[PDB]
Amino acid sequence: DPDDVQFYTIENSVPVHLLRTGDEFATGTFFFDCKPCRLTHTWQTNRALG
Amino acid sequence: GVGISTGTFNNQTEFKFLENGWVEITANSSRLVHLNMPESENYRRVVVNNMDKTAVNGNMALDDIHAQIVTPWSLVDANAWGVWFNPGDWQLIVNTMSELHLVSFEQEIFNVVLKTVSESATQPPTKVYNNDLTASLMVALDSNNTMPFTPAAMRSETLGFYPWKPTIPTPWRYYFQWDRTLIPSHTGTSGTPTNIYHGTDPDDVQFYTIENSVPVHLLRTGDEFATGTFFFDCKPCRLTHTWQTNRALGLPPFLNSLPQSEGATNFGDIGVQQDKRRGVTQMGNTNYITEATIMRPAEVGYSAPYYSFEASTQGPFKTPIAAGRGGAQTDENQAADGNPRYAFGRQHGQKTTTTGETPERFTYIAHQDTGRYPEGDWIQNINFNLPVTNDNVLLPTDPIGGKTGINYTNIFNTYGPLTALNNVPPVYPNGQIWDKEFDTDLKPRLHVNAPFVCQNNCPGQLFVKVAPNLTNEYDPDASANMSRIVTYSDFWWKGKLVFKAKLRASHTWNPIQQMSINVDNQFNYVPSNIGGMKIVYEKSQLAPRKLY
Amino acid sequence: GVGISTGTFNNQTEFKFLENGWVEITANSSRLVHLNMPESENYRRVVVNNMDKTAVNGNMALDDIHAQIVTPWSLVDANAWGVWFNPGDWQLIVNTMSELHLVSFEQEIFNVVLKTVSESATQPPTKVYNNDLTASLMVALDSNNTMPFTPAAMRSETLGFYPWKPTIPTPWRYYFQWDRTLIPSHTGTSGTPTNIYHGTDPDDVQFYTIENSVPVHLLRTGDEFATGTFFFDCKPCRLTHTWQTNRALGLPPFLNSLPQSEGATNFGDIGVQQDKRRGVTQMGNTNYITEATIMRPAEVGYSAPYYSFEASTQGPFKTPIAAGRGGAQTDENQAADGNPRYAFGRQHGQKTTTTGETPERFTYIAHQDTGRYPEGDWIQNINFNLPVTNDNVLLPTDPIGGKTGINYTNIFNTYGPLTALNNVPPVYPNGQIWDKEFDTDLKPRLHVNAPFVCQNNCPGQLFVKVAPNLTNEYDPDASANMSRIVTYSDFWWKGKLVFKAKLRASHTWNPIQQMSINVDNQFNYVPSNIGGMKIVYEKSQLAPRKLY
Numbered sequence: 237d238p239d240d241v242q243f244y245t246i247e248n249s250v251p252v253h254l255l256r257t258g259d260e261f262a263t264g265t266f267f268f269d270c271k272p273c274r275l276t277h278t279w280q281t282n283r284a285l286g
Numbered sequence: 037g038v039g040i041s042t043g044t045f046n047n048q049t050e051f052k053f054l055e056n057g058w059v060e061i062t063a064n065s066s067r068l069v070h071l072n073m074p075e076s077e078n079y080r081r082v083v084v085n086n087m088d089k090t091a092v093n094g095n096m097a098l099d100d101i102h103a104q105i106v107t108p109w110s111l112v113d114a115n116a117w118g119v120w121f122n123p124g125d126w127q128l129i130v131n132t133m134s135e136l137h138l139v140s141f142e143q144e145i146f147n148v149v150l151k152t153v154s155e156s157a158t159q160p161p162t163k164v165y166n167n168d169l170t171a172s173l174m175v176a177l178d179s180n181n182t183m184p185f186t187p188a189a190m191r192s193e194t195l196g197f198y199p200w201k202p203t204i205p206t207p208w209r210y211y212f213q214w215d216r217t218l219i220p221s222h223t224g225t226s227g228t229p230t231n232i233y234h235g236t237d238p239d240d241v242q243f244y245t246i247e248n249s250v251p252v253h254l255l256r257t258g259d260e261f262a263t264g265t266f267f268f269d270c271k272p273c274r275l276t277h278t279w280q281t282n283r284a285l286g287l288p289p290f291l292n293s294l295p296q297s298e299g300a301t302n303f304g305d306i307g308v309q310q311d312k313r314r315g316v317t318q319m320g321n322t323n324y325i326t327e328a329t330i331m332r333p334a335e336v337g338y339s340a341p342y343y344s345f346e347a348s349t350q351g352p353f354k355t356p357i358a359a360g361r362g363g364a365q366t367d368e369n370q371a372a373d374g375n376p377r378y379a380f381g382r383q384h385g386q387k388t389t390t391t392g393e394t395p396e397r398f399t400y401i402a403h404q405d406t407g408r409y410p411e412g413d414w415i416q417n418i419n420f421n422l423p424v425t426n427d428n429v430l431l432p433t434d435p436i437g438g439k440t441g442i443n444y445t446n447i448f449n450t451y452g453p454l455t456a457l458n459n460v461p462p463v464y465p466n467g468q469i470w471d472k473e474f475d476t477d478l479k480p481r482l483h484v485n486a487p488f489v490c491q492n493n494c495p496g497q498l499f500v501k502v503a504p505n506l507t508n509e510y511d512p513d514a515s516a517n518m519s520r521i522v523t524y525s526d527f528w529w530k531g532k533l534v535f536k537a538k539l540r541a542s543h544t545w546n547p548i549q550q551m552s553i554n555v556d557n558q559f560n561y562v563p564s565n566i567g568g569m570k571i572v573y574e575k576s577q578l579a580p581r582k583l584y
Numbered sequence: 037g038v039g040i041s042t043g044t045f046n047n048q049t050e051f052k053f054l055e056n057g058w059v060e061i062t063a064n065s066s067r068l069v070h071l072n073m074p075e076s077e078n079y080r081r082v083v084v085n086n087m088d089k090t091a092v093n094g095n096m097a098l099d100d101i102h103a104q105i106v107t108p109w110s111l112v113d114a115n116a117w118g119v120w121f122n123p124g125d126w127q128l129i130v131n132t133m134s135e136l137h138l139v140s141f142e143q144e145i146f147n148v149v150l151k152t153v154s155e156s157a158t159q160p161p162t163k164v165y166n167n168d169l170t171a172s173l174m175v176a177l178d179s180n181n182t183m184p185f186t187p188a189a190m191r192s193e194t195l196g197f198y199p200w201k202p203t204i205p206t207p208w209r210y211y212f213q214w215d216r217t218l219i220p221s222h223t224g225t226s227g228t229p230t231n232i233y234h235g236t237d238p239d240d241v242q243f244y245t246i247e248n249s250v251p252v253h254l255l256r257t258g259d260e261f262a263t264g265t266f267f268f269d270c271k272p273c274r275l276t277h278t279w280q281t282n283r284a285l286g287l288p289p290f291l292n293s294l295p296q297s298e299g300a301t302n303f304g305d306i307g308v309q310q311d312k313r314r315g316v317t318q319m320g321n322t323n324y325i326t327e328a329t330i331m332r333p334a335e336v337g338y339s340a341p342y343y344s345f346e347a348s349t350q351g352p353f354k355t356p357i358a359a360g361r362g363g364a365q366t367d368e369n370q371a372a373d374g375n376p377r378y379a380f381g382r383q384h385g386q387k388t389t390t391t392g393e394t395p396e397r398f399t400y401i402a403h404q405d406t407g408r409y410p411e412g413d414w415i416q417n418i419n420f421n422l423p424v425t426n427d428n429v430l431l432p433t434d435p436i437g438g439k440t441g442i443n444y445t446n447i448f449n450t451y452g453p454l455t456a457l458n459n460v461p462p463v464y465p466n467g468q469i470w471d472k473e474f475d476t477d478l479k480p481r482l483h484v485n486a487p488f489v490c491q492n493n494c495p496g497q498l499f500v501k502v503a504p505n506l507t508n509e510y511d512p513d514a515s516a517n518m519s520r521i522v523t524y525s526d527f528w529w530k531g532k533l534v535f536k537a538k539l540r541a542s543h544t545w546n547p548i549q550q551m552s553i554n555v556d557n558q559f560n561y562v563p564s565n566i567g568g569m570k571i572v573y574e575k576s577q578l579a580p581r582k583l584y
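Protein sequence lines, in the order shown, are assigned to chains A, A' and A''. A prime marks a further copy of an entry chain. One rule links them: number in the entry's author numbering = place in the first sequence (from 1) + 236. One rule links them: number in the entry's author numbering = place in the second sequence (from 1) + 36. One rule links them: number in the entry's author numbering = place in the third sequence (from 1) + 36.
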């Protein structure tokens, strides 16, 4: 579907870095936004409530 | 005063660009409203019983039985896109903005006029129109939103869409509780299914009057009225559509062989045995990793029962769906459920000069691919032995209940904790703009009739009425009907809707889909030699957006 | 240094909305340029004589005789739309802005590399590529604009249009004065018309060298170069077209009779005898006031001689015209003069994967109706007796000079003090962006090749060259040819063009013409399975503007 068409190129969208031996690159620190993950499992079924 | 105008006409929409690509659209709309005295000056409690029509087995969906309160007041409703923007403005919004924010609303009544028709029943019976200088128009703004909410757009009863054409308000009426029972049947259902209108549960009874609830304003020519500014509370509306299906989420398979030559048949090829590939699935008992099989993060869209009528305390009703289909498979011919259909008149799009009383209509096929092709669906036994065997598959083709025109997709529902969907797109010009949330403990995730639902606060409705213009004879204790001087009023209504939009940015190499005039639609945007006008509907989330 | 990059790749175009609907577009373009050592290390003075071809009577327009100076330097030219914007960006500009302002330009050379090809003439003769770490690239920026201006876009010799495809600069050459005489003739012209290349007027001689005029920079890997920011001086470019002809200026005639019914034949009618109407004309001896006759304020467009070759000191040349035609009458078939034609290669639009050396081409038919249908023209004797008599009319049909394929329109010129025209519209992507004004006392009102002419100051040209990589043997007094080590260089070029645009506003009820992708053009904006790419040209003043 022509209205669903999206051709993306890296070159046109992100700044590109050329690194030679002497160079290096570093992303800085990114902080996430996420609810915590539980490390425990539950075992109670409707049959075991109350 | 008598010879002094109390207002200004303004139907100019202003676009004021701010910083960081934010525009502030302020839509001005002005109309001349014509209003007649009421049929009666009473509240009427009426029942509609078309039992005769449902009396035919197989016609239940034709049910119209209801009770309602008929009031001597008229409703001034301006909540439909067509009231505020023209084809020109819509193009601007839709082609260049990426999100819409409804900010506020204001309306005012000015340049009120009341005349009285006097008939000089002559040879050729004549009638003289005279100004009633001391007569009053009655205005009531239910700002505490006391009265039940009745969006006139679901009946194509809003103000009209053209600034140079006078309009009229609608007679205000609201639903009154009733109890009705209707058992479905079909062509050749022996007997007569119960079809009963039981009446009213007394504990569900609520009779409302304007007079007892809202402060009423009497305006004479010299007067004017203005609502102040109401601010809405609503999440923004996106002006872009999504196109990615579960089938298009994430990393595609790495192709071990790429076309060497151009050619519509020169495909590339994954190079690995479907039962020898790496990756994740949720088919614990299979080694086949295919695009239909590989794991996706959640599900875009859901399956819901189709042409499903449900029944509660007051008759059957159609089960609503958040998105229909259309595209590769549905056009007008590949007709489905979920797509809305709009019927309307000369004041809202039907060609002006057209003679004939058939409404003008259209089925809206959005652009966000979030629906379903039920025909492509299949259930299959968990053993997953593959060229599946007729009795380890349920196809949209096998009949359910032994009905040959019913399959499991009509009763199917795949909504669940992984469902992702989008709110409804705007329908220009016949669609409603905002809607009142339900005062229900748990609320609906969306409304299929307006992209904007105001939660905590909505503008109240505006009611208008010619006050009673009595004659010399008037006896309140007569069981007769009050006799009035034939009075009518014309007033100017001016409304102001403000939006906030954000400008779109290109992100792909390729161009976007834009609304544009062309040799085939051109004549839909200009008058006829007769001055006939029409307002063809348009789509709104033309550009794509990535879902993930 | 050796292991240190001296630059950054950037091909991102930013759109930054300001106040009051002004955007500031800043186009970043980055390419990898490949460059070879020069054929020779000398300036060469060469003449091109295709006398043999013009030797055929009736072929004068096929003339190519010229003299030029061939230089050991290459030109880095980035002045073509396609270098800075993609189909995506163009859509944004063109559909939503109403005027364009070219503000500045900057370019820089980084990450220079020089290698030397060493051939190990083996069985299968081999060649090793090695880095020449101490070798230098030579850069010269003629910022005082000393050298003669040579826009590489008139030869489709600009940097290429795709950021992921390496490119190359063009060998710089410039015109050297010559004197030539060619007498026109035709098929069957008895004899041999003089066709002489006389040589050079000594007082018109100007031999220029880069070395003697611009400061030259030697850059080694560790080096980098950057032009600073140059600001242009140019009137804004309109992104809208005009459509009104002399025939559509001002108050139309009042119609005394209007259609009563809709119908493509239900016309309205002026109700007054053409010789009995009021109004103004410039036909002092007539009482007929018609739409072709009534007075207009000035003239929109002008008539100029067509397929007119003029001759001066150096051969014949085509007379240029400010606008061609096309529309109601001209399409590819209704082919005319004034419309430009573009021929180009794989680096600038011709499909990448296409085999074959025929250039890719296109004739640009603008959208501003400011041209002429010479076929509709007529001269008529001043007595104005009306059904004009064959000898009181000169029709585009009667022959001039007794030639049957020539009429007065081919020699006609109606340019004068009432002429109103518009500058040339932008041609994406093959068109040139800016041009240098002529250092002439009186200047041209426009340039038919670029919408932007910088008067007082233009950015200077950028010249590049591999410096000589000599071998052990080198004798400056030998009449031979200097022997060099086969060296070549690759460097990254980064340019930055800034524009200022204004956002458009709707002013009509009806929508505008917008650029949009569709099922027929869609595949022109995405790669092939082969990775073939193409860049179809587009139009730019899509929306209308009122002239008066």
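Idealized CB from N, CA, C, for every residue including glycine.
- The contact set of A/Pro238 on chain A', defined by CB atoms closer than 9 Å, consists of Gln549 in chain order.
- Assignment of beta-bridge partners to A''/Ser110 by DSSP yields A''/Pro207 and A''/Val500.
- From the listed residues A''/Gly37, A''/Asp434, A''/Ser66 and A''/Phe45, the smallest Cα separation to A/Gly258 is found for A''/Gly37.
- Taking the beta carbon of A''/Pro202 as reference, no residue of chain A falls within 7 Å; the closest one sits roughly 12 Å away.
- With 16 or more other Cβ atoms inside 10 Å of its own Cβ, A''/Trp117 counts as buried.
- The stretch 359 to 369 of chain A' and the stretch 530 to 545 of chain A' do not touch, with fewer than three beta-carbon pairs separated by less than 8 Å.
- The shortest C-alpha to C-alpha distance from A'/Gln386 to any of A'/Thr49, A'/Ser192 and A'/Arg80 is the one to A'/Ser192.
- Spatial neighbours of A'/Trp120 in its own chain (CB-CB distance under 6 Å, excluding positions within 5 residues in sequence) are listed in chain order as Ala63, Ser65 and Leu533.
- The Cβ-Cβ distance between A''/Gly568 and A''/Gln383 does not fall below 7 Å.
- Under the 7 Å criterion on CB atoms, A/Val241 is classed as interfacial with respect to chain A'.
- For the C-beta of A'/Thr544, the chain A residues within less than 7 Å are, from N- to C-terminus, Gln242, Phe243 and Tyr244.
- Excluding sequence positions up to five before and after A''/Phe267, its CB lies within less than 7 Å of the CB of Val139 and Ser140, all in the same chain and listed in chain order.
- Between A'/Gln468 and A'/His277, the gap from beta carbon to beta carbon reaches 7 Å or more.
- Nearest CB-CB separation between A/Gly258 and chain A'': below the 7 Å threshold.
- A'/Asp240 counts as exposed, since fewer than 16 other C-beta atoms from the protein chains shown sit within 10 angstroms of its C-beta.
- In this model, A''/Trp208 and A''/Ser110 are separated by some 5 Å (Cα to Cα).
- Bounds of any beta strand (DSSP E) do not take in A'/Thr132; it lies within the alpha helix (DSSP H) bounded by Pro123 to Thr132.
- Relative to A''/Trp414, the option among A''/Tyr444, A''/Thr406, A''/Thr440 and A''/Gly437 whose CA is nearest is A''/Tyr444.
- Residues of the stretch 345 to 377 of chain A' with a Cβ closer than 9 Å to any Cβ of chain A, in chain order: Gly363 and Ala364.
- By alpha-carbon distance to A'/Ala262, the top candidate from A'/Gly531, A'/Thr317, A'/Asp513 and A'/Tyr198 is A'/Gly531.
- Residues of the stretch 57 to 73 of chain A'' with a C-beta less than 9 Å from any C-beta of chain A': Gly57, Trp58 and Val59, listed in chain order.
- The C-beta distance from A''/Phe146 to A''/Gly39 rounds to 14 Å, too long to fall under 8 Å, and the pair is not in contact.
- With respect to A'/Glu574, A'/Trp126 sits close: the two C-beta atoms are nearer than 7 Å.
- In the three-state reduction of the DSSP assignment, A'/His543 falls in the coil class, being assigned neither a helical nor a strand state.
- When CB distances to chain A'' are screened at a threshold of 9 Å, the residues of the stretch 245 to 279 of chain A falling below it are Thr245, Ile246, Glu247, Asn248, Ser249, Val250, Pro251, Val252, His253, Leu254, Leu255, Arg256, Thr257, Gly258 and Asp259, in chain order.
- Residues of chain A' with a Cβ closer than 7 Å to the Cβ of A''/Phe197 do not exist, since the nearest Cβ in that chain sits about 11 Å away.
- Here A''/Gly351 carries a strand assignment [DSSP, helix/strand/coil].
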